[PDB]
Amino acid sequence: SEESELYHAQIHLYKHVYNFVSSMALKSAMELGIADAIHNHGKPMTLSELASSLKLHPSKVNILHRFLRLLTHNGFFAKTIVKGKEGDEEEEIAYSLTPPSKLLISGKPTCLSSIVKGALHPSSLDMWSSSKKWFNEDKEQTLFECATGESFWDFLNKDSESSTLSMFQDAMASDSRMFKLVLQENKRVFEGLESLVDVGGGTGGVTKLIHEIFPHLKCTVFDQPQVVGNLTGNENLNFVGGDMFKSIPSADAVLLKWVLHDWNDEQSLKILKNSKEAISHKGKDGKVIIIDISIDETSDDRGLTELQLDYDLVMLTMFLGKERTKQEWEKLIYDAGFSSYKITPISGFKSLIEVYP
């Protein structure tokens, strides 16, 4: 017996084998618009009612039921027992939305539909059939290039991929929108700030959001001369062109939103150093705000670390990109000269790091 003790070993194995089914079940739920239907019904909905709302063929009803059962077990729906109308139904089960599923209700600031649709789009999953060829080849490329022949970006730009591109940029907009919510949920981060520099803020889209929640904050959008060049306006809105590797505008705080996952530790350290100098005049009152993923391998929420590692693997297979771990984030901020830092989990699995001198 000792050693050759299966079962515990098999349950674990199969559990990971069939994980994909849970994702496909969620995918279906959103592509069918179950949340919108129940929400529009605004009252626990019955299998028949939902079936009728989705205008499903009678043969597809029991398929809806099967998907509902699993999804309910996965916490995307709550089961209720409802009345019935006399000579029919007797005792029937009704379904209600749950916080997780409410995120799938469209026409709402919190809708994450487009994002889940892109994350589970065929162009995101089919490439995996080339994983073995990808591991054993001599060419350095993304798994997407290996399986498709072209890079992900070139694929979207094709003419026969017009719709695919609309979907992904809908997800992109949906992601930048959610930032607004991050601001709303973490006002204490920007509370005692008189000014802020949005490094690599491009045309000022993100600053605009910041201004929607904090109208009085003096924001200076910093980017390259060409990207900013002209642009002006507002007493609290600022556009200055320059090079973040040489110097970044002084302010109460420095925002680095999605600007460090593109640079290596060397280039990232210089940016952090220039960031510390830009707040240097505010002394121990200034702070650097980093918005990027941080994987906490030693976290107690194993599921969250796994989700983070999952995402990181998608960045690898699709773009050959990487996210940093909490420790390498620590090394970076300390090697830059800061005294402490505070990580705040945001948007499911992302992070908001507050760095203090």
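For every residue, the number given is its place in the sequence shown, counted from 1.
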For this session: Look over 185-193 and 129-137 in the entry and identify the one with the greater average Cα temperature factor.
Result: 185-193
Seminar exercise, completed: As the entry reports it, the stretch among 39-47 and 309-317 with higher mean C-alpha B factor is 39-47
Exercise. Highest Cα B-factor in the PDB entry belongs to which of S113, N74, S280, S124?
Worked result: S280
Seminar exercise, completed: Reading the B-factor column for Cα atoms of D243, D198, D252, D88, the highest value belongs to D88
Exercise. Mind checking which third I346 falls in for C-alpha B-factor across the chain?
Worked result: middle
Problem set entry | Within-chain third of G204 by Cα B-factor, per the entry | middle
Seminar exercise, completed: By the entry's values, the third containing the CA B factor of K273 is the middle
For this session: Ordered by C-alpha B-factor within the chain, which third holds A9? Give me lowest, middle or highest, please.
Result: highest
Exercise. What third of its chain's C-alpha B-factors does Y95 belong to: lowest, middle or highest?
Worked result: middle
